[PDB]
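K.L.:
Before I ask anything, let me first share the structure, which is written out below as structure tokens.
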Amino acid sequence: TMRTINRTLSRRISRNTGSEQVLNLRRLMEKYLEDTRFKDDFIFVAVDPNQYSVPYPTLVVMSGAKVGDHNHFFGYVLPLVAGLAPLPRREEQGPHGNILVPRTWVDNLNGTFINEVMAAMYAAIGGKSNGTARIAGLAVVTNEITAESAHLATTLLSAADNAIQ
Amino acid sequence: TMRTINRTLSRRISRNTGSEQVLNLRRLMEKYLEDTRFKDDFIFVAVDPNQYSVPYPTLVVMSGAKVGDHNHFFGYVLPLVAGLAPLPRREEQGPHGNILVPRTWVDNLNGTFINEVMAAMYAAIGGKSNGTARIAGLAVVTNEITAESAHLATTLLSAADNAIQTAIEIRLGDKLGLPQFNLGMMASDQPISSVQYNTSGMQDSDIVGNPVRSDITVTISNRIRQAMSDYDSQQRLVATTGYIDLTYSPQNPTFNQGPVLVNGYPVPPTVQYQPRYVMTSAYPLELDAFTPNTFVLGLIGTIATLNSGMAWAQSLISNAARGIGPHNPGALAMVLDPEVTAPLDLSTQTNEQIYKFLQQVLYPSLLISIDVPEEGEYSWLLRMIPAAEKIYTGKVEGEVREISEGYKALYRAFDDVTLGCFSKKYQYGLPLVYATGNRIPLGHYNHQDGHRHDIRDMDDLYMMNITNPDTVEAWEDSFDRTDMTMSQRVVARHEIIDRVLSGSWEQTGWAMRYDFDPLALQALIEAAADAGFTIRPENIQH
Amino acid sequence: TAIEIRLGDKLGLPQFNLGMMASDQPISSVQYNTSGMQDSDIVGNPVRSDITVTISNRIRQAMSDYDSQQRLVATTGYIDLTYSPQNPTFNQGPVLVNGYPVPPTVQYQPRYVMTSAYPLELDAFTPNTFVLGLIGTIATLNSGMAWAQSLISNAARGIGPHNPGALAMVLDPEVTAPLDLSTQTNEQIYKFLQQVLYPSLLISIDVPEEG
Amino acid sequence: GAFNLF
Amino acid sequence: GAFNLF
Amino acid sequence: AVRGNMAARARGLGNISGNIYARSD
């Protein structure tokens with residue numbers, strides 16, 4: 001009910017419009033790579049809650065290696081959480097009674113999230129018959145990404161490359 | 001004569017040329033709208049003193065709605081006053097003689113101004129035969145508008161749109177089939193609340209950009225859990241700000257009366273001050289629309305949170321940790337013992353010790369009050385509280401006295417939010433709101449930490465900590481004496497503030513203070529519970 | 001202005017006079033500020049502005065009842081002291097101010113120094129406009145001893161370069177440290193000042209050699 | 001007066 | 001759980 | 001006369017119903 005309150009009680013002009021962090025970060029990374037000789041070594045995969053069961057917008061950086069006739073792919077996962085409300089407290093069971101325990105961003109990254117990311121990665125490369133996929137790292141980005149954040153994008157790309165290699 | 005002095009004694013090159021705020025603001029709004037799909041839904045009307053009898057340059061934002069074959073138009077008025085000289089003082093008549101009373105921008109917006117604005121609006125749409133026009137809100141903009149003020153223009157446009165849409169809904173919802181918020185929409189989820197006590201640093205700001213006192217902040221949210229994937233999230237709805245004040249109220253045992261009982265319990269003989277909570281603002285967070293029903297939800301949440309285990313006294317306890325300062329509760333040691341002449345330092349005491357100290361001087365209850373601005377972003381919404389103060393029109397009754405319309409509107413809002421349980425809990429015709437009769441100034445001054453602070457920082461505790469006892473007596477007397485007219489109280493408070501601050505401050509507007517009936521509030525909480533609504537505060541300590 | 005003064009009679013150019021303020025109500029205001037930034041000149045250099053006086057005009061619409069004011073001219077200055085002991089031993093009569101004798105311990109004469117004067121909403125500034133500013137300043141500063149408020153306001157900061165409590169060393173020779181008066185009421189400070197200062201004001205002005 | 005203005 | 005996640 | 005505000009004491013809100021709070025478990 002309350003999830004669609006804005007559609008029920010609507011207004012023409014809204015003060016909150018949101019942003020496109022995944023579009024901004026992907027654009028910066030591709031712009032950096034377009035002049036070097038490693039244009040074709042990386043694949044960027046966008047996962048958003050509108051089509052996959054994930055809690056935050058994420059970007060995946062993929063690269064491959066071939067042994068014999070088989071292909072192996074490795075990915076680095078980057079959830080972007082700037083601008084979202086913080087997590088509420090969870091009620092647990094104690095020896096005396098009930099307690100409320102704090103949570104943070106990482107507490108939402110469970111097995112379902114891993115399964116969804118793997119499915120997106122497999123759809124990116126072509127299918128199960130086109131290779132094998134594995135996760136190589138994970139990091140949460142808590143600061144906003146704008147069109148003037150080239151340095152941060154370059155640093156993140158370097159970290160992903162080192163982990164994959 | 002003197003009005004045209006420049007034309008008589010003229011010079012070729014002038015240092016003062018003025019600006020075109022109405023042209024700048026209209027251009028920004030139209031530029032924002034030109035790319036969306038609502039280009040033709042708005043009409044902008046410019047009113048300037050050169051052709052209409054108005055005191056300031058103003059801009060009007062209009063929009064319409066059609067029922068049957070008739071058109072209805074609603075407008076939002078924006079006077080722009082940056083760069084003009086402030087108003088002078090007006091001489092009035094008093095019991096002893098003549099007094100000079102301060103004025104501000106809103107004092108010039110009388111009936112003549114309304115008539116002129118209406119005439120301009122009618123000329124805009126075509127004539128009387130082309131529809132009907134009504135005013136939906138008013139706000140004064142005190143900051144300059146330049147070619148680099150896109151954000152402010154967008155915010156003002158959003159406020160105007162919300163006000164116009166709410167007016168259309170309230171007036172024609174039944175015929176147009178437009179719903180309104182009620183507690184039944186929160187049936188399948190879990191509401192929660194949180195509170196923050198902060199008093200050092202920057203304060204909250206309004207739509208123009210002026211500070212607002214925000215000692216206590218309460219947030220009402222909604223808790224969500226995914227069914228299969230087990231993710232956790234929350235959705236934030238509405239927020240509220242305010243602070244805590246004190247009112248002198250001695251108990252008289254010598255009148256051969258019974259002891260004072262609070263919750264059926266007697267109090268120590270040394271208790272003489274009554275705590276009071278003052279609400280300063282309320283605004284939405286992720287909701288697009290803000291209506292009177294949403295305001296009722298915010299009020300319910302705030303009342304529930306502030307009474308959760310005496311959570312309001314935490315504000316004073318937290319303030320006591322800084323030590324000597326303008327908000328030190330240790331100044332009450334001078335009230336308790338007359339010989340003591342210096343405020344006490346309580347920064348080395350434990351929380352329970354401070355609580356025990358407070359229990360000797362304060363009543364264990366809270367008074368709920370609110371400040372209603374005479375103009376502002378949400379004054380159109382909040383004007384319903386003053387309207388309900390007069391219960392009965394004195395019109396002749398065949399049997400039962402007629403009841404006024406403002407009272408009806410407030411009662412109807414309370415009953416509709418709770419799905420009809422308030423009517424069964426509270427009798428129709430009992431009081432809901434009382435008037436105190438005090439006119440409060442709005443403004444700001446320069447703080448020693450480098451920020452601008454709300455002028456409402458001057459209260460009873462400030463006077464106890466900073467000034468001498470004569471000033472404290474004068475301040476309390478202007479707040480409480482019943483044989484003083486409104487202008488006399490305004491003059492007394494203005495004089496004290498001017499002496500304390502050395503005249504370095506700026507005034508922007510006026511506000512009036514009202515308080516609620518405790519029986520009505522208790523009935524409202526009970527009715528909300530009977531409709532299936534529960535809340536779980538998440539931050540309360542001890 | 002030079003053209004007007006030299007050739008007004010032949011060119012038919014008028015000049016300001018008090019007859020143009022006949023159908024309105026003049027008003028005035030004063031501000032005492034001594035902490036922070038100061039006033040500036042045309043180049044951008046600071047000017048001492050302990051006291052500021054503003055002269056305006058009050059207007060009311062006849063039918064619509066709107067209220068407004070029109071600001072004409074402003075003036076800045078400060079208060080100084082001049083040593084001037086009284087000699088009783090010369091077999092002369094006592095010193096009388098406004099026909100009243102003064103206590104034997106009074107030995108300093110207050111002085112007001114004007115530092116600048118400039119227009120606000122007037123386009124033209126001539127010698128007649130300067131005379132209007134002078135009249136307004138004199139009327140305002142003598143309205144109930146309003147000039148002593150400057151010293152009283154300065155006394156609230158405590159120990160500092162503008163503390164009037166330094167006169168305690170003049171009053172009593174043994175005292176060797178300036179006094180702190182930040183915990184006294186206004187009437188107490190006024191009574192303290194009445195023992196050392198003459199109850200009158202001297203009007204002076206600083207004339208720059210170029211500007 | 002402001003409350004009853006419009 | 002994070003350590004054994006992947 | 002006597003200083004103070006006598007009506008302010010009578011308008012204080014003391015306690016509210018406990019059914020508005022969410023039950024544990």
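The chains in the structure tokens are called A, B, ... from first to last as shown; in each chain the residues are counted from 1, and the ligands are counted from 1 in the order shown.
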With only C-alpha atoms counted and 12 Å as the cut-off, give the residues of segment 366-429 of chain B in contact with segment 13-17 of chain F, each with its shortest interatomic distance in Å and the pair that gives it, as CSV.

P.N.:
residue,atom,partner,partner_atom,distance
B:366,CA,F:13,CA,5.3
B:367,CA,F:13,CA,6.0
B:368,CA,F:13,CA,7.7
B:369,CA,F:13,CA,11.3

K.L.:
Quick one: residues within 8 Å of residue 5 of chain D, only C-alpha atoms, excluding same-chain residues fewer than 3 positions away - as a PyMOL selection string?

P.N.:
(chain B and resi 110-111+114) or (chain D and resi 1-2)

K.L.:
Based on the selection just made, write C-alpha atoms of those residues as a PDB file, in the first residue's frame.

P.N.:
ATOM      1  CA  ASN B 110      -4.434  44.313   4.034  1.00  0.00           C
ATOM      2  CA  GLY B 111      -7.757  44.029   2.196  1.00  0.00           C
ATOM      3  CA  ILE B 114      -6.177  41.309  -1.785  1.00  0.00           C
TER       4      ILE B 114
ATOM      5  CA  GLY D   1      -6.157  39.588  10.343  1.00  0.00           C
ATOM      6  CA  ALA D   2      -3.768  37.482   8.295  1.00  0.00           C
TER       7      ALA D   2
END

K.L.:
Select from segment 34-176 of chain C everything DSSP, run on the backbone, classes as strand (DSSP E or B), then give the selection as a ChimeraX atom specification.

P.N.:
/C:39-40,46-47,51-60,67-83,96-97,100-101,108-119

K.L.:
Find the residues of chain A that sit at most 12 Å from chain F; for each, write down the nearest two atoms and how far apart they are in Å, to one decimal. Count only C-alpha atoms. Sort by chain, then by number going up, and give it as a tab-separated table.

P.N.:
residue	atom	partner	partner_atom	distance
A:91	CA	F:25	CA	8.9
A:92	CA	F:25	CA	9.7
A:93	CA	F:25	CA	9.5
A:97	CA	F:24	CA	9.0
A:98	CA	F:24	CA	7.5
A:99	CA	F:24	CA	10.0
A:100	CA	F:24	CA	11.2

K.L.:
Need the shell around residue 30 of chain A: protein/DNA/RNA residues with any atom at most 10 Å away, counting only C-alpha atoms. Skip same-chain ones fewer than 4 positions apart. Format as number ranges by chain?

P.N.:
A: 25-26, 34-35, 39, 42-44, 153

K.L.:
Would you kindly report the residues of chain B within 9 Å of chain D, using only C-alpha atoms, as a compact mmCIF listing (two decimals) with C-alpha atoms, in the first residue's frame?

P.N.:
# COMPACT_ATOMS: atom_id res chain seq x y z
CA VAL B 106 3.34 41.30 6.57
CA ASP B 107 1.69 44.31 8.24
CA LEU B 109 -0.89 43.14 3.32
CA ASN B 110 -4.43 44.31 4.03
CA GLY B 111 -7.76 44.03 2.20
CA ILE B 114 -6.18 41.31 -1.78
CA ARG B 134 -9.46 32.24 -5.41
CA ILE B 135 -6.26 32.76 -3.43
CA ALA B 136 -4.56 29.58 -2.23
CA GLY B 137 -1.53 30.82 -0.28
CA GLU B 374 1.13 34.70 9.66
CA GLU B 375 2.69 33.96 6.26
CA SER B 379 0.61 28.97 6.64
CA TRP B 380 -2.32 28.05 4.39
CA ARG B 383 -4.40 28.48 9.62
CA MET B 384 -7.00 25.83 10.52
CA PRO B 386 -6.78 29.45 14.87
CA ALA B 387 -10.07 28.95 13.04

K.L.:
For residue 188 of chain B, work out the shell of residues within 9 Å, counting only C-alpha atoms and skipping chain neighbours fewer than 3 positions away, then give it as a list in words.

P.N.:
residues 1 and 2 of chain A; 184 and 185 of chain B

K.L.:
Pull N, CA, C and O atoms from the residues just selected and write them as a compact mmCIF listing (two decimals), in the first residue's frame.

P.N.:
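Result saved to part15.txt:
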# COMPACT_ATOMS: atom_id res chain seq x y z
N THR A 1 0.83 -1.20 0.00
CA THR A 1 0.00 0.00 0.00
C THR A 1 0.86 1.25 0.00
O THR A 1 0.86 2.02 -0.95
N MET A 2 1.60 1.44 1.09
CA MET A 2 2.41 2.63 1.27
C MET A 2 3.56 2.74 0.28
O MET A 2 4.08 3.84 0.08
N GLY B 184 -5.94 3.77 7.58
CA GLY B 184 -6.16 2.46 7.00
C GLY B 184 -5.12 2.05 5.99
O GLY B 184 -4.99 0.86 5.69
N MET B 185 -4.37 3.01 5.44
CA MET B 185 -3.33 2.70 4.47
C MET B 185 -2.05 2.20 5.11
O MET B 185 -1.13 1.81 4.39

K.L.:
So the first atom is atom CA of residue 14 of chain C and the second is atom CA of residue 57 of chain C; what is the distance between them in Å, to one decimal place?

P.N.:
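One can read the atom CA of residue 14 of chain C to atom CA of residue 57 of chain C distance as 20.8 Å.
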
K.L.:
Tell me, which residues of segment 76-133 of chain C carry DSSP alpha helix (DSSP H), written as a list in words?

P.N.:
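So, restricting segment 76-133 of chain C to alpha helix (DSSP H), we get residues 127, 128, 129, 130, 131, 132 and 133 of chain C.
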
K.L.:
Residues of chain A no more than 12 Å from chain E, counting only C-alpha atoms: send them over as a VMD selection string.

P.N.:
chain A and resid 74 to 77 106 to 115 117 to 118 133 to 139

K.L.:
Would you work out the distance separating atom CA of residue 490 of chain B from atom CA of residue 142 of chain B, expressed in Å to one decimal?

P.N.:
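According to the coordinates, atom CA of residue 490 of chain B and atom CA of residue 142 of chain B are separated by 22.5 Å.
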
K.L.:
Please find the residues of chain B near chain C - the criterion being any atom within 9 Å, counting only C-alpha atoms - and write them as a ChimeraX atom specification.

P.N.:
/B:1-3,5-6,8-11,13-16,53-55,85-88,90,107-113,502-504

K.L.:
Do me a favour and pick out the residues of chain B within 10 Å of chain A, using only C-alpha atoms, as an mmCIF file with C-alpha atoms, in the first residue's frame.

P.N.:
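Output file part-v2.cif follows:
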data_model
loop_
_atom_site.group_PDB
_atom_site.id
_atom_site.type_symbol
_atom_site.label_atom_id
_atom_site.label_comp_id
_atom_site.auth_asym_id
_atom_site.auth_seq_id
_atom_site.Cartn_x
_atom_site.Cartn_y
_atom_site.Cartn_z
ATOM 1 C CA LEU B 33 9.017 24.035 -17.161
ATOM 2 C CA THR B 36 8.508 18.766 -19.149
ATOM 3 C CA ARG B 37 4.939 17.921 -20.170
ATOM 4 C CA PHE B 38 3.297 20.609 -17.985
ATOM 5 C CA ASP B 41 -0.736 23.997 -16.968
ATOM 6 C CA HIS B 151 17.317 25.700 -7.021
ATOM 7 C CA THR B 154 12.316 25.026 -8.383
ATOM 8 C CA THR B 155 11.550 24.737 -4.669
ATOM 9 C CA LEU B 156 9.101 27.655 -4.774
ATOM 10 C CA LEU B 157 7.321 26.172 -7.797
ATOM 11 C CA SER B 158 6.944 22.839 -6.006
ATOM 12 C CA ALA B 159 5.430 24.529 -2.950
ATOM 13 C CA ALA B 160 2.932 26.448 -5.084
ATOM 14 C CA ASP B 161 1.883 23.291 -6.921
ATOM 15 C CA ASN B 162 1.256 21.374 -3.696
ATOM 16 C CA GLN B 165 -3.580 20.808 -5.684
ATOM 17 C CA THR B 166 -4.601 20.474 -2.038
ATOM 18 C CA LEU B 178 -9.926 12.332 -5.202
ATOM 19 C CA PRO B 179 -8.986 10.370 -2.041
ATOM 20 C CA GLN B 180 -7.143 11.545 1.074
ATOM 21 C CA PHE B 181 -4.769 9.974 3.581
ATOM 22 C CA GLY B 184 -6.162 2.464 7.004
ATOM 23 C CA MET B 185 -3.331 2.704 4.474
ATOM 24 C CA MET B 186 -0.794 1.690 7.145
ATOM 25 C CA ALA B 187 -2.561 -1.550 8.040
ATOM 26 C CA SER B 188 -0.138 -4.082 6.536
ATOM 27 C CA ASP B 189 3.159 -2.604 7.758
ATOM 28 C CA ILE B 192 8.468 3.246 13.764
ATOM 29 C CA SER B 221 8.976 6.000 9.160
ATOM 30 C CA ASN B 222 7.680 2.693 7.844
ATOM 31 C CA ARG B 223 9.447 -0.666 8.115
ATOM 32 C CA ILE B 224 9.536 -3.119 5.201
ATOM 33 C CA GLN B 226 11.033 -8.652 1.601
ATOM 34 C CA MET B 228 11.491 -14.331 0.190
ATOM 35 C CA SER B 229 14.820 -12.492 -0.171
ATOM 36 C CA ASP B 230 14.808 -11.179 3.431
ATOM 37 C CA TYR B 231 16.075 -7.666 2.607
ATOM 38 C CA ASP B 232 15.425 -4.868 5.095
ATOM 39 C CA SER B 233 14.562 -1.254 4.357
ATOM 40 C CA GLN B 234 12.646 1.721 5.679
ATOM 41 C CA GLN B 235 10.636 4.542 4.124
ATOM 42 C CA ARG B 236 10.667 7.958 5.787
ATOM 43 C CA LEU B 237 7.423 9.928 5.811
ATOM 44 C CA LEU B 285 10.381 13.648 3.678
ATOM 45 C CA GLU B 286 9.557 11.175 0.894
ATOM 46 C CA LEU B 287 5.847 11.933 0.550
ATOM 47 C CA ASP B 288 4.969 14.082 -2.432
ATOM 48 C CA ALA B 289 1.788 15.536 -0.904
ATOM 49 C CA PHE B 290 1.324 17.278 2.448
ATOM 50 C CA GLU B 538 13.546 2.763 18.312
ATOM 51 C CA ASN B 539 15.906 5.236 19.991
#

K.L.:
Which residues come within 9 Å of residue 203 of chain C, counting only C-alpha atoms, excluding same-chain residues fewer than 5 positions away, as number ranges by chain?

P.N.:
C: 111-114, 138

K.L.:
For residue 128 of chain B, work out the shell of residues within 12 Å, counting only C-alpha atoms and skipping chain neighbours fewer than 5 positions away, then give it as a VMD selection string.

P.N.:
chain B and resid 70 to 73 118 to 123 133
